[PDB]
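Presented as structure tokens, the chain that follows is alone, the form deposited in one PDB entry.
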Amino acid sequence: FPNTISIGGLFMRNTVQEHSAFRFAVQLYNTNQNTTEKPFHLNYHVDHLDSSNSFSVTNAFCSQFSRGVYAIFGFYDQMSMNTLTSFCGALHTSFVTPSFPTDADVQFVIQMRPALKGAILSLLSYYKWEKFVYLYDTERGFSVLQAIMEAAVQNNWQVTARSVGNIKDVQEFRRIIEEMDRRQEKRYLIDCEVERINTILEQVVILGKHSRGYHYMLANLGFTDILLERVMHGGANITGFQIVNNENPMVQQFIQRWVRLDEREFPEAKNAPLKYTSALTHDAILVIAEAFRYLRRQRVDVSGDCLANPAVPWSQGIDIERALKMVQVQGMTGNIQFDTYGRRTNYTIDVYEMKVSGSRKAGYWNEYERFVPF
């Protein structure tokens, strides 16, 4: 078994804090000092990529693959996801990612980020929403959208659904709200990127009269980076979701070390709160470390060109993929386990409610117990 295990890191725009977390988590692994916990050294090579440019993506990918990385940690968005996941699959290279989990059932992709679909439906059922607005963009896939629409027609809900991902003129957000008023809409499910939730909540405020008696369910694990203070001061109900428990001892010990870090070597550590994707980035290193300690323990002998059409041995990379998907470890995002398609399984999503009465953790959700209120 090699002394050093090298991995790739594919980063994009606006993954600066995650890149620092990736660097800090790898460092933490390397320091120590425990023979059993650190039986090899973890190296990496990092490329930045412009997802808007396909050659930029395949280029970054081939660079890594052709250095002989044992795995690639990385990000994708809607433009690059298919290229990136399809090539990892064709080349049998394990891709570990905090990005939105793929709609398709795919191989060689370890998805650090848990599905939100189950938790949202359980909560809609809990609140008994049978009439509501659903504002959505498509940056995290079509899985929530399709489940909502099917639930709506099957359950006789009245869902007014509006796509808002292509909106650039913030005025348009205003008009849509006014249009929702004509249907006496008080309840909004917002399935959008954080940045876009922020823009919508700013318009609700600028517009006025859309806080008291309103309820906004924010379908995004990035709950902590959402700016909702002004909406909350107006009387609104807000529901959100998180997978990082600030009371968790592991989250705590990570945070204490993390906020001391220098802003030049680790940008975004001191000037912004820890994004949940930075926690998922940390936990990815735990998963990788654990997978590879396992392979080492089994005396596995870990074994081309960046080309699709020419072949690829069937059993290649299978050993690593399995080792990654069989891990059960406790991280900053709780219990971490994967199913055969690399999806988080047996995970917990914490549910938060903000009301004029105050702000609190209102329960938790898991696949077996569904929503448990507290």
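Note that residue numbering begins at 1 and tracks the sequence as displayed. For the two forms, the rigid core is made up of the largest set of C-alpha atoms that agree within 1.5 Å on superposition.
**Student:** Note whether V351 lacks coordinates in a third or more of the other compared entries that model its flanking residues.
**Tutor:** Other entries vs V351: none skip it.
**Student:** Over the set of other compared entries for this protein, does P313 lack coordinates in at least a third of them?
**Tutor:** Yes.
**Student:** Quick check on the record: how many residues from the deposited sequence are absent from the model between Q146 and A147 (none, 1 to 3, 4 to 9, 10 or more)?
**Tutor:** Per the record, no deposited residues are absent between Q146 and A147.
**Student:** Per the entry, where is the mean C-alpha temperature factor higher: 93-101 or 196-204?
**Tutor:** It is 196-204 that shows the higher mean C-alpha B-factor.
**Student:** Do the CA atoms of 61-69 or those of 304-312 have the higher mean B-factor in the entry?
**Tutor:** Stretch with the greater average CA B-factor: 304-312.
**Student:** In the PDB entry, which of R175, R113, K275, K186 has its C-alpha at the highest B-factor?
**Tutor:** Highest C-alpha B-factor among the listed options: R175.
**Student:** Per the coordinate record, which of the options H215, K117, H210, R293 holds the highest CA temperature factor?
**Tutor:** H210 has the highest C-alpha B-factor of those listed.
**Student:** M250's Cα B-factor: lowest, middle or highest third of the chain?
**Tutor:** CA B-factor rank for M250: highest third.
**Student:** Is the Cα B-factor recorded for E265 in the lowest, middle or highest third of its chain?
**Tutor:** CA B-factor rank for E265: highest third.
**Student:** Sorting the chain's CA B-factors, does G222 end up in the lowest, middle or highest third?
**Tutor:** It belongs to the lowest third of the chain when residues are ordered by C-alpha B-factor.
**Student:** Would you mind ranking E139 by its C-alpha B-factor against the rest of the chain and naming the third, lowest, middle or highest?
**Tutor:** It falls in the middle third of the chain.
**Student:** What third of its chain's C-alpha B-factors does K131 belong to: lowest, middle or highest?
**Tutor:** Its C-alpha B-factor, which the entry lists for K131, ranks in the middle third among residues of this chain.
In what follows, reference is made to the form deposited in another entry, a form of this protein that is not presented.
**Student:** Tell me, which of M326, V329, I318, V312 is the one whose C-alpha shifts by at least 2 Å between the shown form and the other one, with the rigid core superposed?
**Tutor:** The displaced C-alpha is that of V312.
**Student:** Checking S66 here: with the core superposed, does its CA move 2 Å or more between the shown form and the other one?
**Tutor:** After core superposition, the displacement of the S66 C-alpha between the shown form and the other one stays below 2 Å, so no.
**Student:** C-alpha of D50: shift of 2 angstroms or more between the shown form and the other one, rigid core aligned?
**Tutor:** Yes, shifts by 2 Å or more.
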